[PDB]
>>> print(open('input38.pdb').read())   # PDB, N, CA and C atoms
ATOM      1  N   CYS Q   1       3.222   4.350   7.143  1.00  0.00           N
ATOM      2  CA  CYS Q   1       2.294   3.299   6.676  1.00  0.00           C
ATOM      3  C   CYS Q   1       2.135   2.234   7.745  1.00  0.00           C
ATOM      4  N   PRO Q   2       0.884   1.859   8.072  1.00  0.00           N
ATOM      5  CA  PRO Q   2       0.607   0.790   9.035  1.00  0.00           C
ATOM      6  C   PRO Q   2       1.354  -0.491   8.686  1.00  0.00           C
ATOM      7  N   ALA Q   3       2.027  -1.056   9.683  1.00  0.00           N
ATOM      8  CA  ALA Q   3       2.841  -2.253   9.502  1.00  0.00           C
ATOM      9  C   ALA Q   3       2.005  -3.415   8.983  1.00  0.00           C
ATOM     10  N   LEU Q   4       0.738  -3.443   9.387  1.00  0.00           N
ATOM     11  CA  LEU Q   4      -0.200  -4.460   8.928  1.00  0.00           C
ATOM     12  C   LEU Q   4      -0.370  -4.368   7.419  1.00  0.00           C
ATOM     13  N   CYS Q   5      -0.364  -3.142   6.934  1.00  0.00           N
ATOM     14  CA  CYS Q   5      -0.511  -2.872   5.512  1.00  0.00           C
ATOM     15  C   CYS Q   5       0.813  -3.098   4.785  1.00  0.00           C
ATOM     16  N   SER Q   6       1.912  -2.664   5.388  1.00  0.00           N
ATOM     17  CA  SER Q   6       3.228  -2.768   4.761  1.00  0.00           C
ATOM     18  C   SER Q   6       3.600  -4.230   4.474  1.00  0.00           C
ATOM     19  N   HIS Q   7       3.099  -5.147   5.298  1.00  0.00           N
ATOM     20  CA  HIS Q   7       3.369  -6.574   5.123  1.00  0.00           C
ATOM     21  C   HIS Q   7       2.508  -7.160   3.998  1.00  0.00           C
ATOM     22  N   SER Q   8       1.509  -6.406   3.592  1.00  0.00           N
ATOM     23  CA  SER Q   8       0.533  -6.853   2.611  1.00  0.00           C
ATOM     24  C   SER Q   8       0.726  -6.158   1.268  1.00  0.00           C
ATOM     25  N   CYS Q   9       1.989  -5.918   0.905  1.00  0.00           N
ATOM     26  CA  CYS Q   9       2.382  -5.143  -0.295  1.00  0.00           C
ATOM     27  C   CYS Q   9       1.485  -5.377  -1.531  1.00  0.00           C
ATOM     28  N   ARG Q  10       0.880  -6.551  -1.656  1.00  0.00           N
ATOM     29  CA  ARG Q  10      -0.052  -6.815  -2.753  1.00  0.00           C
ATOM     30  C   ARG Q  10      -1.307  -5.957  -2.613  1.00  0.00           C
ATOM     31  N   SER Q  11      -1.865  -5.986  -1.417  1.00  0.00           N
ATOM     32  CA  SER Q  11      -3.015  -5.178  -1.031  1.00  0.00           C
ATOM     33  C   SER Q  11      -2.775  -3.681  -1.208  1.00  0.00           C
ATOM     34  N   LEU Q  12      -1.515  -3.290  -1.313  1.00  0.00           N
ATOM     35  CA  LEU Q  12      -1.129  -1.882  -1.282  1.00  0.00           C
ATOM     36  C   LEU Q  12      -1.756  -1.064  -2.395  1.00  0.00           C
ATOM     37  N   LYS Q  13      -2.176  -1.721  -3.459  1.00  0.00           N
ATOM     38  CA  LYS Q  13      -2.885  -1.033  -4.523  1.00  0.00           C
ATOM     39  C   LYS Q  13      -4.218  -0.493  -4.005  1.00  0.00           C
ATOM     40  N   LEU Q  14      -4.862  -1.270  -3.145  1.00  0.00           N
ATOM     41  CA  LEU Q  14      -6.102  -0.868  -2.504  1.00  0.00           C
ATOM     42  C   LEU Q  14      -5.827  -0.090  -1.212  1.00  0.00           C
ATOM     43  N   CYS Q  15      -4.880  -0.590  -0.422  1.00  0.00           N
ATOM     44  CA  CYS Q  15      -4.554  -0.014   0.887  1.00  0.00           C
ATOM     45  C   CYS Q  15      -4.170   1.463   0.766  1.00  0.00           C
ATOM     46  N   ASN Q  16      -3.383   1.791  -0.253  1.00  0.00           N
ATOM     47  CA  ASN Q  16      -2.953   3.168  -0.517  1.00  0.00           C
ATOM     48  C   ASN Q  16      -4.140   4.106  -0.790  1.00  0.00           C
ATOM     49  N   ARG Q  17      -5.314   3.540  -1.049  1.00  0.00           N
ATOM     50  CA  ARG Q  17      -6.507   4.350  -1.281  1.00  0.00           C
ATOM     51  C   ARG Q  17      -7.176   4.682   0.048  1.00  0.00           C
ATOM     52  N   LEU Q  18      -7.156   3.709   0.947  1.00  0.00           N
ATOM     53  CA  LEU Q  18      -7.755   3.852   2.267  1.00  0.00           C
ATOM     54  C   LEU Q  18      -6.773   4.530   3.215  1.00  0.00           C
ATOM     55  N   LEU Q  19      -5.507   4.472   2.838  1.00  0.00           N
ATOM     56  CA  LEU Q  19      -4.424   5.067   3.601  1.00  0.00           C
ATOM     57  C   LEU Q  19      -3.530   5.892   2.672  1.00  0.00           C
ATOM     58  N   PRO Q  20      -4.058   6.990   2.106  1.00  0.00           N
ATOM     59  CA  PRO Q  20      -3.345   7.769   1.090  1.00  0.00           C
ATOM     60  C   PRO Q  20      -2.167   8.551   1.665  1.00  0.00           C
ATOM     61  N   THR Q  21      -2.394   9.226   2.780  1.00  0.00           N
ATOM     62  CA  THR Q  21      -1.340   9.966   3.448  1.00  0.00           C
ATOM     63  C   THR Q  21      -0.617   9.070   4.440  1.00  0.00           C
ATOM     64  N   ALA Q  22      -1.325   8.054   4.902  1.00  0.00           N
ATOM     65  CA  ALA Q  22      -0.772   7.100   5.841  1.00  0.00           C
ATOM     66  C   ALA Q  22       0.220   6.173   5.155  1.00  0.00           C
ATOM     67  N   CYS Q  23      -0.111   5.712   3.956  1.00  0.00           N
ATOM     68  CA  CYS Q  23       0.768   4.793   3.250  1.00  0.00           C
ATOM     69  C   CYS Q  23       1.190   5.337   1.888  1.00  0.00           C
ATOM     70  N   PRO Q  24       2.169   6.255   1.858  1.00  0.00           N
ATOM     71  CA  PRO Q  24       2.799   6.692   0.618  1.00  0.00           C
ATOM     72  C   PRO Q  24       3.860   5.690   0.179  1.00  0.00           C
ATOM     73  N   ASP Q  25       4.148   4.750   1.072  1.00  0.00           N
ATOM     74  CA  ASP Q  25       5.185   3.748   0.859  1.00  0.00           C
ATOM     75  C   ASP Q  25       4.639   2.564   0.064  1.00  0.00           C
ATOM     76  N   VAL Q  26       3.909   2.880  -0.990  1.00  0.00           N
ATOM     77  CA  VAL Q  26       3.277   1.878  -1.827  1.00  0.00           C
ATOM     78  C   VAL Q  26       4.293   1.268  -2.796  1.00  0.00           C
ATOM     79  N   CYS Q  27       4.220  -0.046  -2.963  1.00  0.00           N
ATOM     80  CA  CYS Q  27       5.158  -0.775  -3.810  1.00  0.00           C
ATOM     81  C   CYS Q  27       5.071  -0.301  -5.259  1.00  0.00           C
ATOM     82  N   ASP Q  28       6.170   0.258  -5.759  1.00  0.00           N
ATOM     83  CA  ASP Q  28       6.208   0.829  -7.104  1.00  0.00           C
ATOM     84  C   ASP Q  28       6.187  -0.261  -8.165  1.00  0.00           C
ATOM     85  N   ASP Q  29       6.536  -1.473  -7.763  1.00  0.00           N
ATOM     86  CA  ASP Q  29       6.548  -2.610  -8.676  1.00  0.00           C
ATOM     87  C   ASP Q  29       5.127  -3.040  -9.028  1.00  0.00           C
ATOM     88  N   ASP Q  30       4.242  -3.003  -8.040  1.00  0.00           N
ATOM     89  CA  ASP Q  30       2.839  -3.352  -8.255  1.00  0.00           C
ATOM     90  C   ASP Q  30       2.076  -2.178  -8.849  1.00  0.00           C
ATOM     91  N   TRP Q  31       2.666  -0.997  -8.764  1.00  0.00           N
ATOM     92  CA  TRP Q  31       2.042   0.205  -9.287  1.00  0.00           C
ATOM     93  C   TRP Q  31       2.367   0.359 -10.770  1.00  0.00           C
TER      94      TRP Q  31
END
>>> encode(input="input38.pdb", output="structure tokens")
Amino acid sequence: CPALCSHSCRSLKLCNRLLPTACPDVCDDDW
């Protein structure tokens, strides 16, 4: 997962859509 995205854990709900294979490290708490 892009470090720019990883720092934006809130955005990760959206980021994980634009980065599905790139960011599987999506915050389970926000999910």
>>> resolve_selection(input="input38.pdb", expression="the PyMOL selection byres (((chain Q and resi 24-31 and name CA) around 7) and name CA)", output="compact mmCIF listing (two decimals) with N, CA and C atoms, in the frame of the given file")
# COMPACT_ATOMS: atom_id res chain seq x y z
N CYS Q 1 3.22 4.35 7.14
CA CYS Q 1 2.29 3.30 6.68
C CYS Q 1 2.13 2.23 7.74
N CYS Q 9 1.99 -5.92 0.90
CA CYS Q 9 2.38 -5.14 -0.30
C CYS Q 9 1.48 -5.38 -1.53
N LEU Q 12 -1.52 -3.29 -1.31
CA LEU Q 12 -1.13 -1.88 -1.28
C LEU Q 12 -1.76 -1.06 -2.40
N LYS Q 13 -2.18 -1.72 -3.46
CA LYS Q 13 -2.88 -1.03 -4.52
C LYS Q 13 -4.22 -0.49 -4.00
N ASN Q 16 -3.38 1.79 -0.25
CA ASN Q 16 -2.95 3.17 -0.52
C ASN Q 16 -4.14 4.11 -0.79
N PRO Q 20 -4.06 6.99 2.11
CA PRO Q 20 -3.34 7.77 1.09
C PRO Q 20 -2.17 8.55 1.66
N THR Q 21 -2.39 9.23 2.78
CA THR Q 21 -1.34 9.97 3.45
C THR Q 21 -0.62 9.07 4.44
N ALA Q 22 -1.32 8.05 4.90
CA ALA Q 22 -0.77 7.10 5.84
C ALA Q 22 0.22 6.17 5.16
N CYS Q 23 -0.11 5.71 3.96
CA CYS Q 23 0.77 4.79 3.25
C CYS Q 23 1.19 5.34 1.89
>>> axis_aligned_box(input="input38.pdb", around="region 1-16 of chain Q", padding_each_side="4 Å", output="lines of an AutoDock Vina configuration file")
center_x = -1.3
center_y = -1.4
center_z = 2.6
size_x = 17.7
size_y = 19.5
size_z = 22.2
>>> select_by_dssp(input="input38.pdb", residues="chain Q", states="helix (DSSP H, G or I)", output="ChimeraX atom specification")
/Q:3-6,12-18
>>> decode(input="input38.pdb", residues="region 1-15 of chain Q", atoms="N, CA and C atoms", output="CSV table (one decimal), in the first residue's frame")
chain,number,residue,atom,x,y,z
Q,1,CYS,N,0.8,-1.2,0.0
Q,1,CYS,CA,0.0,0.0,0.0
Q,1,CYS,C,0.9,1.2,0.0
Q,2,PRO,N,0.6,2.2,-0.9
Q,2,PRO,CA,1.3,3.5,-0.9
Q,2,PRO,C,1.3,4.2,0.4
Q,3,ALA,N,2.5,4.6,0.8
Q,3,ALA,CA,2.7,5.2,2.1
Q,3,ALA,C,1.9,6.5,2.3
Q,4,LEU,N,1.6,7.2,1.2
Q,4,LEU,CA,0.8,8.3,1.1
Q,4,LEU,C,-0.6,8.0,1.5
Q,5,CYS,N,-1.0,6.8,1.1
Q,5,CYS,CA,-2.4,6.3,1.4
Q,5,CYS,C,-2.4,5.7,2.8
Q,6,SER,N,-1.4,5.0,3.2
Q,6,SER,CA,-1.3,4.4,4.5
Q,6,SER,C,-1.4,5.4,5.7
Q,7,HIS,N,-0.9,6.6,5.4
Q,7,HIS,CA,-1.0,7.7,6.4
Q,7,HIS,C,-2.4,8.3,6.5
Q,8,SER,N,-3.2,8.0,5.5
Q,8,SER,CA,-4.5,8.6,5.4
Q,8,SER,C,-5.6,7.6,5.7
Q,9,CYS,N,-5.3,6.7,6.7
Q,9,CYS,CA,-6.2,5.6,7.1
Q,9,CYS,C,-7.7,5.9,7.0
Q,10,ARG,N,-8.1,7.1,7.1
Q,10,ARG,CA,-9.5,7.5,7.0
Q,10,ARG,C,-10.0,7.4,5.5
Q,11,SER,N,-9.2,7.9,4.7
Q,11,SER,CA,-9.3,7.9,3.2
Q,11,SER,C,-9.4,6.4,2.7
Q,12,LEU,N,-8.9,5.5,3.5
Q,12,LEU,CA,-8.7,4.1,3.1
Q,12,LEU,C,-10.0,3.4,2.6
Q,13,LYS,N,-11.1,3.9,3.1
Q,13,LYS,CA,-12.4,3.4,2.6
Q,13,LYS,C,-12.5,3.6,1.1
Q,14,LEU,N,-12.0,4.8,0.6
Q,14,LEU,CA,-12.0,5.2,-0.8
Q,14,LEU,C,-10.8,4.7,-1.5
Q,15,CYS,N,-9.6,4.9,-0.8
Q,15,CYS,CA,-8.3,4.5,-1.3
Q,15,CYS,C,-8.2,3.1,-1.7
